[PDB]
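Below you'll find only one chain, the form deposited in one PDB entry, shown as C-alpha cells.
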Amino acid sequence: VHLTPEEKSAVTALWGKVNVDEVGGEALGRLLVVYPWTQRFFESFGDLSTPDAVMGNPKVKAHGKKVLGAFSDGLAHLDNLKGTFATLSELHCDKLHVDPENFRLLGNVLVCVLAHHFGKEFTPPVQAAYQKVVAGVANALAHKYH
C-alpha cells in the first residue's frame, strides 16, 4: 500500500484528533454487534449479549485500545506494514485462526466510526486514503496465511 504525500498528510491530520482511549473500543464493539460470529473469539470477555453489554464491557474497551495502538503503529510505518505486523500476523493466523475476511470487516467498521465521529470532515478523499491504510493493515495481518 502506497499513499501520496497529500493522502499521508490528510490521514495524519485526522488521526491526531482521534481519542485513543475510545475509538478502538467503539470499533471492536461495533464489530461484535454488527457481525456477531466474531464474538466466538472473545468468549473470555464475558457478557456480549446486547449492544449495551458489548459497548460497556471493560475488556472490549481495553482490547480496542490495543487494536487502535497497532493501527497507530501502522500509520507510522506505512511503507513497511508487513514487517511491522509480522508478530501480530503470526498470532492471528497460527494461534487464533481468524479468517482474514474479518480483518477487512474490522477496518471497515473503523472507517464507519471515523465517519461517525468526524462527520463532514471525513470527506470522500480522506476516506479513500483511510481505505488504503485499512486494506494495507488487513493485508499485513493476513501475510502469515500465505
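Start at 1 with the first residue shown and count on from there. Think of the rigid core as the biggest set of C-alphas that the two forms share within 1.5 Å after superposition.
When 126-134 is weighed against 5-13, 5-13 comes out higher, by mean CA B-factor as recorded in the entry. Stretches 23-31 and 40-48 differ in mean CA B factor, with 40-48 having the higher one. For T87, the recorded CA B-factor ranks within the highest third of the chain. Only modelled residues enter the ranking. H116: CA B factor lies in the lowest third for its chain, per the PDB record. Among all modelled residues in its chain, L96 ranks in the highest third by Cα B-factor. Per the deposited record, the Cα B-factor of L105 falls in the lowest third when ranked against the other modelled residues of its chain.
Although not depicted, the form deposited in another entry is the subject of the following passage.
Only one of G83, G46, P58, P36 has its Cα shifted by 2 Å or more between the shown form and the other one after fitting on the core, and that residue is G83. Core-aligned CA deviation for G119 between the shown form and the other one: less than 2 Å.
Once the rigid core is overlaid between the shown form and the other one, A70 counts among the residues whose Cα shifts by 2 Å or more.
The pair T12 and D73 approaches in the other entry: their C-alpha atoms are at least 3 Å nearer to each other than in the form depicted.
Note: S44-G74 Cα separation is 3 Å or more longer in the other entry than here.
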